[PDB]
Amino acid sequence: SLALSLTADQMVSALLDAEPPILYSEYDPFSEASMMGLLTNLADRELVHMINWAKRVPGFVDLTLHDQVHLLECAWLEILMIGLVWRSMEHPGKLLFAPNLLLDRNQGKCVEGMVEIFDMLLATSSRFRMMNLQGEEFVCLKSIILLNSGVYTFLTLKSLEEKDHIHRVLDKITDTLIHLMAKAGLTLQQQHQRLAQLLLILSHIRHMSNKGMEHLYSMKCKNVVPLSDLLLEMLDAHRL
Amino acid sequence: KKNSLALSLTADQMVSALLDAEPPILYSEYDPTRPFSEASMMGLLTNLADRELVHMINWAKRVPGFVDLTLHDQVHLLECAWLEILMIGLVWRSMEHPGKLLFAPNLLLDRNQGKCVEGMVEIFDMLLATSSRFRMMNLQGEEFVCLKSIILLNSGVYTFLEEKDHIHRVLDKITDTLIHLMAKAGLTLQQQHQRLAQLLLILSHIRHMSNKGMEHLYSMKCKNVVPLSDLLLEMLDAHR
Amino acid sequence: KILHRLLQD
Amino acid sequence: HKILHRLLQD
Ligand SMILES: CC(=O)Nc1ccc(OS(=O)(=O)[C@@H]2C[C@@H]3O[C@H]2C(c2ccc(O)cc2)=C3c2ccc(O)cc2)cc1
Ligand SMILES: CC(=O)Nc1ccc(OS(=O)(=O)[C@@H]2C[C@@H]3O[C@H]2C(c2ccc(O)cc2)=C3c2ccc(O)cc2)cc1
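Residues numbered from 1 in each chain as written, not as in the entry; some residues may be left out. Chains lettered and ligands numbered in written order. Heavy atoms only, no water. Residues with missing side-chain atoms left out of burial classes, pairs and counts.

Regarding how it was determined, this PDB entry cites X-ray crystallography in its header, along with a resolution of 2.2860 Å.

A. Local environment of the overall build of chain B. Each helix and strand in chain B was counted, giving 9 helices and 2 strands. Secondary structure of chain B in N-to-C order comes out as α-α-α-α-β-β-α-α-α-α-α. Taking 18 Å as the expected radius of gyration for a compact globule of 240 residues, we find that chain B reaches 18 Å, a close match to that expectation. (Helix = DSSP H or I, 4+ residues; strand = E, 2+ residues; numbered from the N terminus. Rg over C-alpha atoms; globule rule 2.2 N^0.38 Å.)

B. Spotlight on the UniProt feature "binding site: 17beta-estradiol" in chain A. All names here are of chain A. Per the UniProt record, "binding site: 17beta-estradiol" is found at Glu-46, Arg-87 and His-215. For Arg-87, a relative accessible area of 13% translates into the label buried. Once residues within four sequence positions are removed from consideration, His-215 is found in contact with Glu-112, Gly-113 and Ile-117. (UniProt positions renumbered as here; feature names shortened; annotations may be inferred. Buried < 20%, exposed > 50% of the residue type's maximum accessible area, 1.4 Å probe, protein only. Contact = heavy atoms within 4.5 Å.)

C. Structural view of empty space enclosed by the protein. In this structure, the largest cavity encloses a volume near 80 Å³. As for the largest cavity, its lining consists of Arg-127, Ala-196, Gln-197, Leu-200 and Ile-201 of chain A together with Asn-154, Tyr-158, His-168, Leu-171, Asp-172 and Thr-175 of chain B. For the lining of the largest cavity, the elements supplying multiple residues, two or more each, are helix 8 (188-222) of chain A together with helix 7 (162-184) of chain B. Counted by class, the lining of the largest cavity contains 5 nonpolar, 4 polar and 2 charged residues. Here the residues of the lining of the second largest cavity sort into 4 nonpolar, 4 polar and 2 charged. (1 Å grid on protein atoms, 1.4 Å probe; cavity = no way out; pocket = protein on both sides within 12 Å on 5 of 7 lines; lining within 4 Å. Points joined across faces, edges and corners; volume = space filled by probe spheres on them. Nonpolar A, V, L, I, M, F, W, Y, C, P; charged D, E, K, R; others polar.)

D. Here's a closer look at the site of ligand 2. All names here are of chain B. Among the 22 residues in the neighbourhood of ligand 2, the closest are listed as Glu-52, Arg-93, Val-117, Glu-118 and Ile-123. Take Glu-52: an N or O atom from its side chain is 2.6 Å from an oxygen atom of ligand 2. Between ligand 2 and the protein, one listed contact pairs an oxygen atom with a side-chain N or O atom of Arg-93 at 3.2 Å. Secondary structure elements with two or more residues in the shell around ligand 2: helix 3 (38-61), helix 4 (71-93), helix 5 (120-136) and helix 8 (189-221). With 6 residues, the single largest contributor to the shell around ligand 2 is helix 3. Broken down by class, the residue content of the shell around ligand 2 amounts to 14 nonpolar, 4 polar and 4 charged. (Near = heavy atom within 4 Å. Polar contact = N/O pair within 3.5 Å; in protein donor to acceptor, adjacent residues only side chain to side chain.)

E. Seen up close, the nonpolar core. With 172 residues, the main nonpolar core has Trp-76 of chain A together with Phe-66 and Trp-82 of chain B as its most contacted residues. If we ignore the near neighbours within four places in the chain, the residues touching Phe-66 of chain B are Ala-60, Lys-61, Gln-74, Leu-77, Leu-78, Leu-152 and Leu-153 of chain B together with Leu-7 of chain C. (Core = buried A, V, L, I, M, F, W, Y, C linked by side-chain atoms within 4.5 Å.)

F. Spotlight on the site of ligand 1. Residue and element names in this part refer to chain A. Every one of the 22 residues lining ligand 1 counts as a neighbour, but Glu-46, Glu-112, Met-114, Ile-117 and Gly-212 are closest to it. The separation between an oxygen atom of ligand 1 and a polar side-chain atom of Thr-40 is 3.3 Å. Separating an oxygen atom of ligand 1 from a side-chain N or O atom of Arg-87 is a distance of 3.3 Å. Of all the secondary structure elements, the ones that give two or more residues to the shell around ligand 1 are helix 2 (32-54), helix 3 (65-87), helix 5 (114-131) and helix 8. At 6 residues, the largest contribution of residues to the shell around ligand 1 is made by helix 2. Looking at side-chain class alone, the shell around ligand 1 contains 14 nonpolar, 4 polar and 4 charged residues.

G. Structural detail: the packing of helix 7 of chain B against helix 8 of chain B. Residue and element names in this part refer to chain B. Packing of helix 7 against helix 8 brings their axes to within 10 Å, and their N-to-C directions diverge by 125°. As the angle between them shows, helix 7 and helix 8 are arranged oblique. Here helix 7 and helix 8 pass one another in a crossing that is right-handed. Across from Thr-175, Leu-178, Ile-179, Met-182 and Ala-183 in helix 7, the residues of helix 8 making contact are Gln-192, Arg-195, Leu-196 and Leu-199. Along the lines of polarity and charge, the residues of the contact of helix 7 with helix 8 split into 6 nonpolar, 2 polar and 1 charged. (Axes fitted to C-alpha atoms, helices over the stretch in contact; angles between N-to-C directions. Parallel < 35°, antiparallel > 145°, perpendicular 65-115°, else oblique. Left-handed = near helix turned anticlockwise from the far one by under 90°.)

H. A look at the interface of chain B and chain A. Facing 33 residues of chain B, the contacting portion of chain A comprises 32 residues. Together, the buried faces of chain B and chain A total about 3100 Å²; carbon and sulfur atoms form 58% of this surface. Among the residues of chain B in contact with chain A, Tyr-158, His-193 and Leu-201 of chain B are the three that bury the most area, contributing 22% of the side total. If you look at where chain B meets chain A, you find 0 salt bridges. Applying the counting rule to chain B against chain A returns 18 residue pairs in polar contact. If you list the elements that add at least two residues to the side of chain B that touches chain A, you get helix 5, helix 6 (141-154), helix 7 and helix 8 of chain B. Of all the elements, helix 8 of chain B adds the most residues to the side of chain B that touches chain A, at 19 residues. Partitioned by chemical class, the residues of the side of chain B that touches chain A number 13 nonpolar, 14 polar and 6 charged. (Buried area = accessible area lost by both parts, 1.4 Å probe. Salt bridge = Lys/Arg side-chain N within 4 Å of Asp/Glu carboxyl O.)

Structure (structure tokens):
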């Protein structure tokens, strides 16, 4: 595995180049079904970019297909959410789903159970803003989510070696986060404290994902909003 | 608060306060007349969790910095973290029993026992996997009480701002204590921030287990499988 | 609120 | 068979 041989700057350099673009929403051709239509279409196109971004995450392509499938099935909504939170940092009180789709609590209230999750996302974006989260730290956190969010739900000495490789890449990303903070001028104590603050926020991103996944699976049962074939398979992974 | 004792405590005083605040290990009911069924199983587990909640509340009041919060904020953190706290304690005491969950000294269940309850085996596997992960890491007692206090302070700090800064200031102190524990244990500076990361990443999976467990505990209420105590009812109503 | 009085005691 | 496995294998 070449991921283990990369330096800290090579790890950052690799992840930055793999960054997917910020996609646009279909604009002004608003009901509850219409906003759910925009969000589903938007998230649907982001999944295709996320899948190809995962193949560029160092160490990810060194796993079996089924382990690669498993990690994405588990983290995909977390990865979409931390993306939304990141690009919404410069818009206090706003969620920048897309440069042409700027929403806040005023739209979240016309979809049942969505304003609660909107408040949590905004608090996360407010938190990243108060912490002055950097682009290099962001790509490290997103890679951590991909590799960690499903590592303890895997199912042999071969499977244990694959779980062990994931923990080796995770240690490599942790070293990279510390190198970034050390290069920024933070003391050794400030490095450990900031590393801890960033990683605890991931627990809140997991929480927002589970809370959101629960509503998304009830939306499939209602059959009122049509979700594409890829989204229905990502939803069935969490209900199973 | 700025006159908090948590901020004035050293790392060794932080460990000692947390160790002396440890709740007691309770026993399960042992009524042999009840059959081995979903209703009797959930009745045993419900009763144990009910009694553990009363001791957790006293424990929370002895967590440094917790008494400094308002009564409403204290209620928020416990309502948000109570299942996470019960789960990590169960995982901690199940370390000496591979492949089994030690709910109580007189109640040591394995993966198969929960199969009369839909979804319980899946959560048992996640709890068992976390226990084996803590064992593989050789999790120490001093690290356990730090992690559990982190759960109490972090899990709800973003869903409710000088009190926000107080919680984060206490969390930074618990980060210091964790590092001091690992340095005193003789780990290198690199192994320190890597192990800190590994421990904090497991907190995301504990949140994931709590979110899935809370969803099942709510459906159990809505199915009248067992009677629920009024305290447990208010704990569940906080999540829906 | 049961959780209220349990915290005061 | 999964579309994800289809997309990951390409
Ligand atoms: C009545 C009803 O249907 N309610 C309800 C529905 C969904 C809820 O999901 S979300 O957690 O709000 C969910 C998080 C965010 O808002 C929703 C959404 C989404 C995602 C997928 C999708 O297919 C639809 C929406 C989002 C999102 C989209 C792209 C992105 O890059 C980041 C986040 C919550 C509540
Ligand atoms: C409703 C249904 O069909 N199934 C289903 C039911 C419950 C499930 O709870 S658990 O998440 O397994 C949940 C985790 C663990 O087993 C269950 C349980 C619990 C918690 C509260 C309670 O009132 C009852 C049980 C636990 C627990 C208890 C004490 C403790 O110190 C640590 C953990 C899961 C699935």
